[PDB]
Amino acid sequence: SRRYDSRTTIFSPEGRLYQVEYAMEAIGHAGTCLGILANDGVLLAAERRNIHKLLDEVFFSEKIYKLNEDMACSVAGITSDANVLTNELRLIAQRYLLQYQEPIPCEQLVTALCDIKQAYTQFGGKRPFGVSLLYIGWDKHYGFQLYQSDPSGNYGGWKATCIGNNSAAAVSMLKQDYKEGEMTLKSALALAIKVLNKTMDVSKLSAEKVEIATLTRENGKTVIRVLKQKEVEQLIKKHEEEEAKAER
Amino acid sequence: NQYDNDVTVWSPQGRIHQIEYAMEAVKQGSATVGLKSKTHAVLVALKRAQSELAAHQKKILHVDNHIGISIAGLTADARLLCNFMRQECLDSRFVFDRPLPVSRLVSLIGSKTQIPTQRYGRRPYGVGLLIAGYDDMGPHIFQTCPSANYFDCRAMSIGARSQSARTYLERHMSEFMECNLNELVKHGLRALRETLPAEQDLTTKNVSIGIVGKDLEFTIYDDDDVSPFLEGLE
Amino acid sequence: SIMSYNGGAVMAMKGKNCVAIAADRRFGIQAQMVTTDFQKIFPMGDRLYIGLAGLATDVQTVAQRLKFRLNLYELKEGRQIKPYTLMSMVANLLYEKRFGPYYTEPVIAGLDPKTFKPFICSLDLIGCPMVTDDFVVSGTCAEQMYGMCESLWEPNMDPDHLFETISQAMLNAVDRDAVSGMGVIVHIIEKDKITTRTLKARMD
Amino acid sequence: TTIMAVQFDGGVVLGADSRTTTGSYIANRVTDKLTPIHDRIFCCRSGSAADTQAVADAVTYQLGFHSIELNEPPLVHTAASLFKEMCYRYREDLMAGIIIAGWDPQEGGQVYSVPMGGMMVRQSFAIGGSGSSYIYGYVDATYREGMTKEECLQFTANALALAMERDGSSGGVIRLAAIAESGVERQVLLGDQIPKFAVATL
Amino acid sequence: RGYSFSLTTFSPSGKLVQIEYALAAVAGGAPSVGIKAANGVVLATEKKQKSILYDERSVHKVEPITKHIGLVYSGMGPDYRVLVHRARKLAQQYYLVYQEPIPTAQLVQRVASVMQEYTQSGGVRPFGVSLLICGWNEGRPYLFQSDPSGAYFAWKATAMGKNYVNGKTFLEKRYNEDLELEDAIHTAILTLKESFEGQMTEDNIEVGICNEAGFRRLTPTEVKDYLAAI
Amino acid sequence: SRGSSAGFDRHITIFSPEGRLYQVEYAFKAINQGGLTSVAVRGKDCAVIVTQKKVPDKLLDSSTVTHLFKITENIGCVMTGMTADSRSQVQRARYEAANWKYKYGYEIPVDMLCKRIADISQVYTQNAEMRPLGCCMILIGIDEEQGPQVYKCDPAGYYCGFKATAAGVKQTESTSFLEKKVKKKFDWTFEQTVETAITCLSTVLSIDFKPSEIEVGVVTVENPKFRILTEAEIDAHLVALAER
Amino acid sequence: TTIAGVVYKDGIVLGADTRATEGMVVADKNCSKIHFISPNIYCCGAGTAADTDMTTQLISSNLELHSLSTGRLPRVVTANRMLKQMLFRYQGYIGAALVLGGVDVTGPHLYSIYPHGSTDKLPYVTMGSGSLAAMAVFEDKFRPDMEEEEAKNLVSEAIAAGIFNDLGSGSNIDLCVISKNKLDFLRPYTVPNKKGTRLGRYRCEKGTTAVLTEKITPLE
Amino acid sequence: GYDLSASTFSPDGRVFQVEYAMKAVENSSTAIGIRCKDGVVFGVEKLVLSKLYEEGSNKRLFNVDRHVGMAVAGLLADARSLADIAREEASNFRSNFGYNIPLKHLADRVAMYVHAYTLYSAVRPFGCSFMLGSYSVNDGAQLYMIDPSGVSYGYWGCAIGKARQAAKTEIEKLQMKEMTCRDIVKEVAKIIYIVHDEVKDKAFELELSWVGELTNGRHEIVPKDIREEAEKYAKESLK
Ligand SMILES: *[B]([O])([O])[C]([C][C]([C])[C])[N]C(=O)[C][N]C(=O)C1=[C]C(Cl)=[C][C]=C1Cl
Ligand SMILES: *[B]([O])([O])[C]([C][C]([C])[C])[N]C(=O)[C][N]C(=O)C1=[C]C(Cl)=[C][C]=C1Cl
Ligand SMILES: [Cl-]
Ligand SMILES: [Cl-]
Ligand SMILES: [Cl-]
Ligand SMILES: [Cl-]
Ligand SMILES: [Cl-]
Ligand SMILES: [Cl-]
Ligand SMILES: [Cl-]
Ligand SMILES: [Cl-]
Ligand SMILES: [Cl-]
Ligand SMILES: [Cl-]
Ligand SMILES: [Cl-]
Ligand SMILES: [Cl-]
Ligand SMILES: [Cl-]
Ligand SMILES: [Cl-]
Ligand SMILES: [Cl-]
Ligand SMILES: [Cl-]
Ligand SMILES: [Cl-]
Ligand SMILES: [Cl-]
Ligand SMILES: [Cl-]
Ligand SMILES: [K+]
Ligand SMILES: [K+]
Ligand SMILES: [Mg+2]
Ligand SMILES: [Mg+2]
Ligand SMILES: [Mg+2]
């Protein structure tokens, strides 16, 4: 029925896809989520929105998802949509392992999901998924990698990036502080906290309010770990001591 | 207005504007005439020519040995319906080894053409047909419409300025039953001629004739083959 | 017989706080040995292994498709799969093919990922599970294996004694079977380590 | 199996033996082969136990629904036609030899045979199953037009007893039912209540 | 055939308004409460029950999913009945495959996923319900909420429906980690009294509990007893 | 809020800004278009349905004008609201019951039948392409353990069992009448069940009936088969009431 | 297999042996053949083991969905209909031969169910390759309205008759007793067979087995 | 607006698309049925829109089974499609159950098919009302009428189309319970002549059919000579 169809998969007069753009507005309001590539690893750091006192803390993270043995992601946008996409990511990665008996290379996983997102903009008459994703991974072709995808089904690779609230401000801080070829997991961790400290300007930054995951290689094996709160408090402490030095 | 775009939307006066609009396609077609006697059924059609160098559109179509049609409205819809009629006739010969009775064929058309008038996104057929046939019940002239209704006729005309042709046919219809073939065709031609601007005449380029009856399979006459019928409109 | 086309034998066996699983190493086609290092035992966890005997192509397919399911299960759930739950997962996979089955009859051996209690079982080709407290056997020399296991196995054996018993059960059983052998591999599973050995074995 | 039904003025009598066999093992020695399909309509079942139970359950369903929709008792002819439709349609996958009998207010007592293959014919009396072979002659000689209900019961019990004596696949108890406007009356003949005919000693 | 286009879409400010409006149906529902004690979970709800004419026992808001899992809701009752049925079926499908009762979180994830579908799939509106789901597995109690978007959250205690914002602040100033189940049942009922209007009987509230023995509804006579102190 | 509207929320079953479903609300109004009221009451021994029987036209065969339907031999029903919608819901209940019996081997309990019908109605409130049915079903039957039962379900897909209930134009007034009467009764339970139903109906309409102006159907613990009273049977009740 | 059931005064007694065979080899000595259907209904299984397992699990599950919905304890007739309609649909290719017994609102009921989908409702039934041995015990000794202990004695004797006279049956006797008031799942009920004890010792000391290769992998 | 789709209720609980379809019926010329002691008689005022049409063109009286007649008013192509539905339901009933479909059941089945077209945006309601009549020794005479909403009731007398009320008021004057079909045909013809507006619509054919003891329970056209006598009685009665 033509009267009720809101026509989610058509062009506007300037060649735009409004549902896609409107979905990108939803993402820009979600929790800030950054990714940083180093020489010995990659990390994801995300603002937690689940912070009410009475929440129970039952899973290992809020927005960090393991995808397969060598990859993880984080998300900004509609949570339920993110649950659908991450489930589909895990399936794709296992279909590839089944078929080739080696892990899916990172960019091929990202591309495979992005083709699904693209299809939702072109046919079917459905709303797109209100999700942007950061992917971290290791594979044997390109080593440590960091990708970003959005509701248009576009993606790109990054050395550092940010999605969600105050992204623009976070990317400027990264542009300035990030050292191409010269970062370590320890200095990327420091930069991540520095960035979140300026972009959560509502308000004073706390371990309860962030989640950090790191991805490294130890003895021919990928290790993916969500940092315990003790470790996050220590990084925040160190960042605050560092600002004590800042003048003299 | 809000009631005129969808064949599924009844208006508040209990009409369906899409069906009425589809009937306009038939009123703007070129005229055709159908009439019958005790022994023959005749179709006469005016063929409209797009330019002086164009042939003149086919208006009369063969359905089966005992059935032909004349068309007014969307040609592509005419062909779709004609193909359905052909297939129903072939089926009845295949299964029963005898010609499909003309009135049963026309019931089939009614039932087929009704369906899209009741389903969203579908449209009526934009074509009206005059149907000439002969069977155990004698000769027949039937008329079909985009509304899916159909009519059993002594004679009929549809298309542009067809009202003149109907008036002529009412005026002389008490004569039709007892006419020989020649008389009957002439009556068809004179009715058709009433539809024309005063200047213009029936010619071998613009007239087409179809005849079926007791001794005669459905046959179409065009071009030089209509000259005998046009001579001695005297 | 379809199950003797490739030949092969697996067994598992329970001790005190430990389990053992063993397999011959022959990949052959009827009479012809093709290779002598063919894998029939596959890790489904740090302390949980599945051994498959039967048609070599289905050994491989069932191991792979099982792994696909298990990986999805572990990512979705918080956690490492329990031994009993793996059995069920495998039962379900096999019975889905009830009317055109995979020709493989697996054994599972493991320790519970939280309690470390010993677990062993076997299943038939359509997924009927059998849990035991001693041993299980599958392959073309099942009768030979039963004879050795029934005579040698004892309750509450330590890792060293379990190793000796499973080894002797396997070696002597396969030595009466034309299409099993060409080497035996044995895994002992303990809380704190896995020990993997190939045995000195007849190669005819 | 041996099954039988007989029309009388105002109703029907139905009977069956009670033996279910797999090979020559008796899996049930007291089977109830007379199954109610509606308040005054029964079927007697022979052939495959599984097939006849499944078909009877399905027809009970169809007839019950039909009867609620019409708000009237079903015709015996309608029950029979439903059996026939299913037994004819699936004749290649079913082994079912059925007798449908009952009472309705329009046509009274009626007996229909639906033998294997799915034809349907009304009869004054019907016999079926493996044991029926042994009683064609008996029933052809003994049947009389205008029998009472009680005579029909006796005639049916005698016929079934004779069949049961000779057919390895029939035996056990005789189950009888009488159906009329006033309702259904069921009984069992067992042991010494089964009519007896001496074996012929020299 | 069915409308194949989404009835929930993005507004220019990035909102899925149909989900927002579903949340407004929830907020206008009858109040519901969940409190995770140290040794169990309690779910309690008010019956929006006019009339003495109602047979209070004929339909239940607090429902078993499995031996070990139960549900209550706030918002549209008939929508809830759809989700109870699907949750039960999801729980059985799990059991047939794994031969272990479904962990509470896995059940929530699967139900939440059904709710997400109804925000995107063609020709349908979202569910106008939020669920509170309790269970016991791996030696421990769980309380979850699942909202019309398909988002789900693990709570120590919460309230939903009419006056939920105040209910939550009442629980904040009253829940503690070491609290027992018998105490928790009380505080759940007190939380309902905060927004009641009507005088509470055992016939116009429903209470369910989850512990190591399993999930069950408290009987009228058991509720009556907890109400004597309140 | 307070009667707000956006987009197509008055045309299809999508949420309004307050979270309402206008199209479902309008289906309740459609129940009243027929101008009729029904009442049902359950006691310890029976359950009863009473409804108005309006035959305005003399040319109608009044034996075909009814709102009482047999669903199974043991379940009866009264329908209120749009007539063809009601017939359709009656057929579907007949189908559900018969199918339950075939699959499960015992008669469908009245509560499960009412629930199933309600769950079917729910789909119409969540799927945009069809309207809700503008009718309300009241079912009566005997449960072996709980005694006589009265269940009602509505176009929102809500359902409930009752001591007594009503439907149609004077539903509220009937509800108040019945509430006032049970409060007075011991163990809050109706005892004179046919009388209460007819009296309730007669009060809220202000009519005082002839036996041809109402229909009455019953199920009892001693006689669980659903029964429609004849005129003469109904008249005996009207006369017993008239004299006290 | 030998499986059997009896209706007694106050309920049902079900019985079974515990042998499973693969060919003419014992594969399981302690197979559990008495399956949960619902808290008041159990089902013995004979025939193809995967099929008895899967069929009873599926029906138990669909019945749990049914009772959750009705709020009532299920009926034996219901389990019977569901099992038979499924087995009929599969035309005998699901090789489940079942003894279904329970106690419901209408009292105790016992059915035998065959792979092609026929069922018989009877006060005593037997299935499996030992079914004739067990049936002979029943024909010889069954009485109506037995007491609980008499009925348990009789079902164990009938299972024993299969265990000892049928090569397809062996090992232990399991019972299940179901009344209005009680469910006793007696596994094992009796252990009439036992492995003899080992006269020699084959405790092979470390190094007896020659080893080609070893790898220790430490875990957490 | 609230009146575009049969899947949309108006705010007062009406389905305007069904009501508009009913208006199509109410614009059509009048058809009547009368049940009497020994059957059912149908009459239709069949307006002749052109003298070029054959006598009998556009019948509004159909045989839907050998024992069942149908009389229609409204959009004729919709009515014919309904006649075909009724025919198929009767046929399929005989094939499945093995006897002639009872009238009431046929009426209820086709009513439910009509009703199915009043729920959805995907289809439009039928623009027709129709009567079904039969007779058998077992069931007596039965006359049902079905409207575009799918409501179905039984009647002693019934009229549909634009002079419906004028027709009904004349039908009420007859003691039809005590009359035979032969007497009733004359009265049907009479009533059609009464309600026909000869000023506004110039020409009509009377169409008559019946089913009753006199046709042995077969629905049949009234024979030509009986119809002519009935017309003549009606015309002189108009005097
Ligand atoms: B009778 O035709 O001999 C009798 C009638 C049935 C309807 C009771 N038939 C049989 O006994 C034929 N037997 C079976 O169908 C059967 C029974 C059992 Cl227990 C198992 C397998 C089979 Cl195929
Ligand atoms: B009994 O019917 O003899 C018994 C019942 C089961 C439930 C234990 N049946 C058997 O022992 C027959 N064997 C199996 O179904 C079987 C077959 C296969 Cl292919 C593999 C293993 C087993 Cl255990
Ligand atoms: Cl992986
Ligand atoms: Cl991988
Ligand atoms: Cl044209
Ligand atoms: Cl054209
Ligand atoms: Cl027209
Ligand atoms: Cl025209
Ligand atoms: Cl797979
Ligand atoms: Cl049987
Ligand atoms: Cl036969
Ligand atoms: Cl036969
Ligand atoms: Cl016998
Ligand atoms: Cl669409
Ligand atoms: Cl449910
Ligand atoms: Cl469970
Ligand atoms: Cl409970
Ligand atoms: Cl049934
Ligand atoms: Cl009272
Ligand atoms: Cl049954
Ligand atoms: Cl009208
Ligand atoms: K015999
Ligand atoms: K809707
Ligand atoms: Mg060897
Ligand atoms: Mg060799
Ligand atoms: Mg078969």
Side-chain angles (χ1 to χ4, degrees), chain B residues 15-16 19-20 22-23 26 110 113-114 117 124 128 143-151 158, chain D residues 1-3 16-35 43-56 94-99 116 128-132 163-164 167-172 175, chain E residues 59-60 63-65 71 80-92, chain F residues 112 115-116 119, chain G residues 47 62 64-71 87 91-92 97 111-120 122 125-127 131, chain H residues 49-50 58 75-78:
Chain B
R15 289 160 63 183
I16 302 169
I19 294 178
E20 286 171 15
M23 290 190 295
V26 2
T113 59
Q114 186 278 345
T117 74
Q143 172 192 5
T144 64
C145 306
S147 67
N149 196 358
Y150 57 80
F151 301 85
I158 55 176
Chain D
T1 296
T2 313
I3 49 172
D17 78 307
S18 67
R19 182 173 285 193
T20 300
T21 46
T22 345
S24 63
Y25 178 66
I26 301 165
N28 188 353
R29 63 179 175 96
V30 292
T31 321
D32 189 347
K33 300 186 193 177
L34 305 183
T35 125
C43 72
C44 315
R45 294 174 303 105
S46 65
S48 164
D51 293 350
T52 62
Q53 288 175 16
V55 169
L94 293 173
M95 188 167 112
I98 301 304
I99 295 162
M116 290 200 187
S130 57
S132 63
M164 293 159 70
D167 183 27
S169 305
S170 307
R175 300 195 182 269
Chain E
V59 348
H60 300 280
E63 292 277 30
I65 304 304
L71 283 215
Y80 176 61
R81 291 202 317 278
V82 175
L83 295 162
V84 169
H85 176 88
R86 292 291 282 86
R88 285 175 173 160
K89 172 72 167 166
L90 290 161
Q92 287 306 310
Chain F
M112 290 306 297
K115 178 177 170 162
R116 183 71 185 132
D119 288 344
Chain G
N62 288 334
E64 184 172 341
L65 260 16
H66 188 77
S67 49
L68 251 358
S69 186
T70 63
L87 294 168
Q91 281 297 282
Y111 298 80
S112 60
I113 309 176
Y114 293 91
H116 286 269
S118 66
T119 69
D120 289 297
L122 289 162
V125 294
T126 67
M127 309 280 250
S131 64
Chain H
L49 295 198
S50 169
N58 309 86
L75 185 66
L76 224 195
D78 275 18

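Each ligand, and each atom within it, is numbered from 1 in the order the structure gives. As a basis for the values below, the full set of heavy atoms in this structure was taken, side chains included, without hydrogen atoms, waters or symmetry mates. Below, chains carry the letters A, B, ... as their sequence lines are ordered, and counting in each starts from 1.
Contact annotation for D/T1 and ligand 1: heavy atoms of both the backbone and the side chain come within less than 4.0 Å of the ligand. Only side-chain heavy atoms of D/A27 come within less than 4.0 Å of ligand 1; its backbone N, CA, C and O stay farther off.
Using a 4.0 Å heavy-atom cutoff, D/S169 is listed among the residues neighbouring ligand 1. For D/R45, the heavy-atom gap to ligand 1 drops under 4.0 angstrom.
Numbered from 1 in the order shown, with element, the atoms of ligand 1 that lie under 4.0 Å from a heavy atom of D/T52 read 7 (C). Heavy-atom proximity to D/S46, at under 4.0 Å, picks out these atoms of ligand 1: 2 (O). Applying the 4.0 Å criterion to heavy atoms of G/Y114 picks out, from ligand 1, the atoms 19 (Cl), 20 (C). The contact set between ligand 1 and D/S48, taken as ligand atoms under 4.0 Å from a residue heavy atom, comprises 15 (O).
The closest protein non-hydrogen atom to atom 18 (C) of ligand 1 is D/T22 OG1, 4.1 Å. Protein heavy atom closest to atom 9 (N) of ligand 1, with residue, atom name and distance, is D/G47 O, 2.8 Å. Ranking protein heavy atoms by distance to atom 8 (C) of ligand 1, first place goes to D/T20 OG1, 3.6 Å.
With distances taken over non-hydrogen atoms, the option nearest atom 17 (C) of ligand 1 out of D/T2, D/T21, D/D17 is D/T21.
With sequence neighbours excluded, the residues satisfying side chain to side chain contact (heavy atoms under 4.5 Å, CB included) with E/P64 are E/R88, E/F215, E/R217, G/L68. Looking at residues two or more places apart in sequence or on another chain, you find a side chain to side chain contact (heavy atoms under 4.5 Å, CB included) between D/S130 and D/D167, D/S169, D/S170.
Side-chain N or O atoms of D/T52 include none that pairs as donor or acceptor with a backbone N or O of D/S46 at under 3.5 Å.
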